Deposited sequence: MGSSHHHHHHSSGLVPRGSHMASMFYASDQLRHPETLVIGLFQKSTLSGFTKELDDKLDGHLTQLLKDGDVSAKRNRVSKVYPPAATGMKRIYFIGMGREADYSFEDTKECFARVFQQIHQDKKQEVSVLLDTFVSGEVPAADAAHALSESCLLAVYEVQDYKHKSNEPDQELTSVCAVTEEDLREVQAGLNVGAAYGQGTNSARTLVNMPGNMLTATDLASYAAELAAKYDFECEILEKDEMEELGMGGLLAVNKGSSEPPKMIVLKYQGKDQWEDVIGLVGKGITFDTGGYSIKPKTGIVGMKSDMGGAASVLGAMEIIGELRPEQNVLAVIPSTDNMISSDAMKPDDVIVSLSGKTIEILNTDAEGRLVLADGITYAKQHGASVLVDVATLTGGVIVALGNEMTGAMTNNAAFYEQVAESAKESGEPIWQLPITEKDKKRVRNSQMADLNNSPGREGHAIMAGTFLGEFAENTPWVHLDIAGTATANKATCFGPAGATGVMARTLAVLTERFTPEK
């Protein structure tokens, strides 16, 4: 059927109307750029000389050549010094330049990929940078208010099957990210647990994954007390969304990914302040992460098994909502005292984690926008991590190093498990205080993890951003979707 892709590798500059060219801080031109300079009677040299065009990293200069040439626009993007130039410099160079092209409302673009390759960054890599960074930079918030770029040609003298391969993975990663951004940016009345369950089903159909969606009654029968406690105040029914992707002949070494899917967090009876409750549609950020990553896995079909489990519900006030001091029986059969109804996320994750384990997960990663504390500990741009297994954590850390999404581990100590076990009435205390706030939530989850190698990721700070950047709009960031995807590529068992 020969379907056209947005990103296309060619050896020819068929579409020279709109160009994108990287410039190093060499002090001579070469390759295409030199030919262009000559083709332009030395104008590009003059512009560099006068500083109208700059090779300083992330400077973007737009030149409009004479119509005589076949070119209307050139977007020059500075790359700094070639000795310092790395892959993630490439990502940022593409992001900066497509920010500008997205503003300019251009439809077709020819990138001279080779102007971006170097010792450190080969063609296939530059290609990955381009599609991923392009997709992230040009993303638009799906709004409900009362132009699109649809062709990017990567023009290169290198193996087209390889370059195209880079463009394809780049594009998969960006697509899953943007998917997650979408789910996250959606107003809570537009995305209930029910809507989240349709999305998952559509995804399951599209990529032929096994999908099961447990409803309240099956949850009652199975004893899912965590997820049912949070849902008690809701009229919107709950969902436990399960997705199976078996990409190995044997259902074994299964990677369990658990996402917090709280579709709106009011904080419940332990009520949240007037400023704190705005933006709490984004409390399903963790679910976005895993769904985003399923999309990526569905596109790249790696040789790995993955169980995705997403407990999903809103957290509301009513005549029947959970109350502070309630004691509950989790799925695992552990009892939990609810000291704080705003610590609802770890209740649902606890059931999610025990379910994943019950369904053959042999390693776990949970992703949750879980605590304000993580923001205090690490800021808005560094996701917090906790683990019960250094070896598995190394795999997750390395994934994040490849992803480019920064992670930092916080300790779980014996003293920490002491605090979480400190409840007068139950096995576990859902909220011991602000002291090591993020670690308390990690520590609680790890009790449900028991012996299964596990990593918890708190994306309360990294799941959203106040301001636009080169890599996308204000609002949801789709953080972690990449890192989970990469983890499933790179994961090898014990």
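Which runs of the deposited chain sequence never show up in the coordinates? Several regions go unmodelled: 1-18, 165-170, 519.
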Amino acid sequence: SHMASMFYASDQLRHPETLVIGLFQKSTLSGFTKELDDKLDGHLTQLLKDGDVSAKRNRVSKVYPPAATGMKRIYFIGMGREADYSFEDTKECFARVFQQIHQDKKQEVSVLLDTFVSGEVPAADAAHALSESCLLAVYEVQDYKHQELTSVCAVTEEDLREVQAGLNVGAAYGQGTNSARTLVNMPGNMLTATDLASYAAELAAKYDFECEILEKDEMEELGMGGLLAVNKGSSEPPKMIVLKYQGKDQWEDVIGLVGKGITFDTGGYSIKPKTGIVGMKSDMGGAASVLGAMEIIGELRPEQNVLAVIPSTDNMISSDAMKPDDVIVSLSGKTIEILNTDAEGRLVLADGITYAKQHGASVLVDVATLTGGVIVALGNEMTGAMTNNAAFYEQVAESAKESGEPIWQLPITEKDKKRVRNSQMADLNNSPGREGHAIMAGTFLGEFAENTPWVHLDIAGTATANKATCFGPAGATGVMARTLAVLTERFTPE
From here on, numbers count along this sequence of modelled residues.
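Of 221-229 and 373-381, the one with larger mean CA B-factor: Stretch with the higher mean C-alpha B-factor: 221-229.
Per the record, averaged over C-alpha atoms, which has the higher B-factor: 242-250 or 328-336? Result of the comparison: 242-250.
Among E435, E447, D50, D427, which residue carries the highest C-alpha B-factor recorded in the PDB entry? By C-alpha B-factor in the record, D50 ranks first.
Maximum C-alpha temperature factor per the entry, among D342, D366, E295, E148, belongs to which one? Result of the comparison over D342, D366, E295, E148: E148.
Chain third (lowest, middle, highest) by recorded CA B-factor, residue given as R73: CA B-factor rank for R73: middle third.
Chain third (lowest, middle, highest) by recorded CA B-factor, residue given as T45: For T45, the deposited C-alpha B-factor lands in the highest third.
Is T469 in the lowest, middle or highest third of its chain when residues are ranked by C-alpha B-factor? Top third by C-alpha B-factor.
Which third, lowest, middle or highest, does the CA B-factor of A390 fall in along this chain? Lowest third.
Third assignment of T483 from its chain's C-alpha B-factors: Ranked within chain, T483 CA B lands in the lowest tercile.
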